[PDB]
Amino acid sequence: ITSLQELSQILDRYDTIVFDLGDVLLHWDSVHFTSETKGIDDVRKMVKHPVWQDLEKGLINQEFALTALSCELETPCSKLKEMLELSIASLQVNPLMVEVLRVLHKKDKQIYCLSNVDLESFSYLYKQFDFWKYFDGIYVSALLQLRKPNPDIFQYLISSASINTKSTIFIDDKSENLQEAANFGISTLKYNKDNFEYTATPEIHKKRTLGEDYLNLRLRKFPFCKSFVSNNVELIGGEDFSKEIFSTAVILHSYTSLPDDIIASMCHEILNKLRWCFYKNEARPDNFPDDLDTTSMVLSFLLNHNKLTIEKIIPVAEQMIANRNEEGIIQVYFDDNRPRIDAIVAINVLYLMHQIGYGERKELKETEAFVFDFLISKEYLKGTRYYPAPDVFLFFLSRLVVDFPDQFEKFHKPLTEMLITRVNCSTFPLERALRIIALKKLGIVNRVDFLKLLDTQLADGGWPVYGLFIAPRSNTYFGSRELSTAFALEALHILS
């Protein structure tokens, strides 16, 4: 070893710095008292129980864990909950380490957080403390279904972060964890009170190739993305519709590994005004208007692939800025006889605004305001006018927030937090895929939803059909297996 006790720079001798949260960045106290006299008085007796491991791996929540520990610890459940509340109220941030962490960030970053913490705890620590900004990737046990003593969680961080094991020193107060990091070749660093001792799957690939083959055959046979319509989100008993260009636009905009021949082909079916209608020209009702959602998404894609320029787009952008309701909010159609608003349509319009350099036009203030309130107020939990699913709002919101960093910083932590609480709260592959992508683009690895996504791939490579959007006048859903597969493969792509 080499006991350290003075301003050291042995750190700068390494490329990757991995932190644990406990003692190193956060300290708490475990003895607490309530009006109830029965049972344990030290929360560490819970934290050391084996049931606490289930809670750390995401396999149970705190309500479950506390009901079991009532039995095992012979303590009223309300007492354990209250001692747990008191324990986390004693949380104090180590301010030396936090300054040393802000420093490491300021330099050549490359800092990862790898802690054992249960999901609801990590949610609270995320929103209550402001040191996550210095982390390049957050690897939390509840998001991984992995617990720190086991070697497999160590193996996972080395693969996922793709870090040279020889250029790595990992900081902890537990010695068991230091030994296992040492096994893979990572230099270690104990954090005693006054001392700082120094020292120095293919199954995935099969399923990914399978699913890419499914999606390619489907979009080569139908470059115009098919769509089924039904009255439920699983589209059970859906009938073929296939007369709207929006599914094609959404696929082009979102899956990033599409072959060149498929991009050209679908991009051809779309160029068929510089404004676009929901419907295939063939299927469009007479005097049915163009909408800002199909237009925004397509223009953003054409601008992004350089098939079009800002000057080409500016006239349509002004038409959108002149499409505002009485409250100043940009509306869904170019049809003053059909005023509608929708938060996800607003996100997409604002997205193109920022793409073309119109991001600070005064006429956008009320439209961005509506999107922010729709998030903070938790209205998004009831869906938007055309998108029932709450993660779809969080998904499109995360694109605008991450892609224009300095123009949306007030959305960042609220949106990351909303996403963290929603980890693994639904079974639909498309919603899981959305959460994996968004969190990863926000710096948080969501391996739970990833694994359960792998499990729901049908044997032909594709994922089940999903009703991503809805016509509200009849609550008729639209979807395809193509859309589901397209986001699942994107989520597999962004995590491996």
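All residue numbers refer to positions in the sequence shown, first residue = 1.
*Asks:* Gap size between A200 and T201, counting deposited residues with no coordinates: none, 1 to 3, 4 to 9, or 10 or more?
*Replies:* The entry has 10 or more unmodelled residues between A200 and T201.
*Asks:* Unmodelled stretch from the deposited sequence between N272 and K273, which bin: none, 1 to 3, 4 to 9, 10 or more?
*Replies:* Gap between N272 and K273: 4 to 9 residues without coordinates.
*Asks:* Using only the Cα atoms and their B-factors as the entry lists them, report which of 284 to 292 and 316 to 324 averages higher.
*Replies:* Comparing averages over the C-alpha atoms only gives 284 to 292.
*Asks:* Mean Cα B factor from the PDB record: higher for 30 to 38, or higher for 458 to 466?
*Replies:* Mean CA B-factor is higher for 30 to 38.
*Asks:* Would you mind finding, among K81, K243, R147, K362, the residue with the largest C-alpha temperature factor in the entry?
*Replies:* Largest recorded C-alpha B-factor: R147.
*Asks:* Looking at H305, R218, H205, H412, which has the biggest Cα B factor in the entry?
*Replies:* Max CA B-factor in the entry, restricted to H305, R218, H205, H412: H205.
*Asks:* So where's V103 on the chain's Cα temperature factor ranking, which third?
*Replies:* Tercile = highest for this residue's CA B-factor.
*Asks:* Would the CA B-factor of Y124 place it in the lowest, middle or highest third of its chain?
*Replies:* Middle third - that is where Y124 ends up once the chain's C-alpha B-factors are sorted.
*Asks:* Place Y477 in the lowest, middle or highest third of its chain's C-alpha B-factors, as listed in the PDB entry.
*Replies:* It belongs to the middle third of the chain when residues are ordered by C-alpha B-factor.
*Asks:* Can you work out whether the C-alpha temperature factor of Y191 puts it in the lowest, middle or highest third of the chain?
*Replies:* Answer is highest: the recorded C-alpha B-factor places it there.
*Asks:* Would the CA B-factor of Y214 place it in the lowest, middle or highest third of its chain?
*Replies:* It belongs to the middle third of the chain when residues are ordered by C-alpha B-factor.
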